[PDB]
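So this first bit is one chain, no partners, the form deposited in one PDB entry, shown in structure tokens.
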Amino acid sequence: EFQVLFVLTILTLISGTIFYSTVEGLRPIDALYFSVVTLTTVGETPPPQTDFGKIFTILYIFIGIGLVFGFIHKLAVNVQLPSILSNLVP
């Protein structure tokens, strides 16, 4: 489960990184950052400057948000929770 969600999220982020670095001309790290803050809905970034960037962002959000949060929801419940939960056992 966690393994699959991790892969799907990585591929989704790779796609966004490639898109934004090419169309918006961002350095890879910036393109990945943009992709990440977009899909987690944090949004700490100014918007894309090109229409392609805007259209892709619209579609990228609708298709990638469900996945990203599904992953986050498992990362904290099936992994981070026990780590400290089972650790809460005297």
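Residue numbers run from 1 along the displayed sequence. For the two forms, the rigid core is made up of the largest set of C-alpha atoms that agree within 1.5 Å on superposition.
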Stretch with the higher entry mean CA B-factor, where the candidates are 77 to 85 and 63 to 71: 77 to 85
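Not on display, but discussed next: the form deposited in another entry.
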Cα of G25 displaced 2 Å or more between the shown form and the other one, core superposed? no
Is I55 among the residues whose Cα moves by 2 Å or more between the shown form and the other one after superposition of the rigid core? no
Can we say the CA of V37 moves by at least 2 Å between the shown form and the other one when the core is superposed? no
